[PDB]
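As a starting point, one isolated chain is supplied in structure tokens, in the form deposited in one PDB entry.
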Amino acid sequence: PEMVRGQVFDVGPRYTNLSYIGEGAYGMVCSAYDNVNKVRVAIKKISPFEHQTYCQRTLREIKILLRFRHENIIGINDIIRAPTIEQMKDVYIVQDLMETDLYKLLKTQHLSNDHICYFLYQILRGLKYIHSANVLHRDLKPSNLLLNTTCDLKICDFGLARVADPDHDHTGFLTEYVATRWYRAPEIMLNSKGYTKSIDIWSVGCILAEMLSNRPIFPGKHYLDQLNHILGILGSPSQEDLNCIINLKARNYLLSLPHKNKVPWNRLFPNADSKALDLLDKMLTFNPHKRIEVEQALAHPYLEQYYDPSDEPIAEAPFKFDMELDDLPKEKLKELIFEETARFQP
């Protein structure tokens, strides 16, 4: 079995000529030549079977990605693992090789308005499909958006995804949250579990702002600082938007703050297209009930060059986790991953 930086990276004879790319959320990632399709591919190594949380997220990613089929969502091409549960230690997930991600691109490259518009269209096109399946991505951010050499964009990492559950979205003030801090909607810190589609639109709004300036719009350094970044640009919420927050600890926190005025978008982004800033405003709305939905966002004048609902497909059915993955033991989740990956065995 081949090794990479002194570690087993055991992808059978189908995949050869490994080149270390780097580490990701799950573990080691290499490119390799796929001797069947005659193209280089990306392979990530996962070792999740001791920890219930890595198990849960790995199973979530696999079940979703195998069920989804969309041009702006990364697919799984192949999964490599041992033939029996007893011998299964690692799982290798094979995907299309992509030149870069939007995180790396934003660190190194100025984007033309045309590139911003095209990227945003593709993000929303993919998001339309995910939401149509009643799924929330819940961790949209530049590093989860992959690009190829021709700027085709694919959303990746469904490890934190959930089935939407708006009726159970309410929580108390300062409730801990898992998803990446700088892309968290204000309501996460106030009264939301992130179980509604509006959570993902906020993240997309944050990504659009980051494309406009190459800098994160709300780089909070800790849980509550994230809310204070957001309010520093949006300004103080209105009476009406405050009244929608029934929880007294959250309400009274907001009432305790000094009055902050809105920073106009055209002063933060003096080079931006005015239609881009109109759409940005609508995605970065404080009140999640007033926030634009994915289909409205696609229909916004900024995206007129691309908008075509007949070419923005939806999922054939809503997605469902058959068992509640949250309280399954470690051995049961390994068996589930074994079963979910069976279709790739010879």
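So that the term is clear: the rigid core is the largest set of C-alpha atoms that superpose within 1.5 Å between two forms. Numbering starts at 1 and follows the sequence shown.
The PDB entry reports B-factors from which the mean C-alpha value can be compared for 227-235 and 131-139; the larger average falls on 227-235. Comparing the deposited coordinates for 140-148 and 100-108, the stretch with the larger average C-alpha B-factor is 100-108. The entry lists C-alpha B-factors for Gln305, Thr53, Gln296, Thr285, and the highest of these is at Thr53. Among the modelled residues of its chain, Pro166 has a C-alpha B-factor that falls in the highest third, as given in the PDB entry. In the PDB entry, a CA B factor belonging to the highest third of its chain's modelled residues is recorded for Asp90.
Sort the modelled residues of the chain by CA B factor and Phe173 lands in the middle third. Among all modelled residues in its chain, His259 ranks in the middle third by Cα B-factor. Sorting the modelled residues of the chain by their CA temperature factor places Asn271 in the highest third.
Not on display, but discussed next: the form deposited in another entry.
With the core held fixed by superposition, the comparison between this form and the one not shown singles out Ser192 as the only member of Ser192, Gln226, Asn72, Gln95 whose CA moves by at least 2 angstroms. The rigid-core alignment places the CA of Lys249 2 Å or more apart between this form and the one not shown. Core-superposed comparison between this form and the one not shown: the CA of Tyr33 stays below a 2 Å shift. With a cut-off of 2 Å and the rigid core superposed, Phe321 has a Cα displacement that reaches or exceeds the cut-off between this form and the one not shown.
Relative to this form, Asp167 and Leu231 separate from one another in that other deposited form, with their C-alpha atoms ending up at least 3 Å farther apart.
A decrease of at least 3 Å in the separation of the C-alpha atoms of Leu140 and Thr175 is found in that other deposited form, compared with the displayed form.
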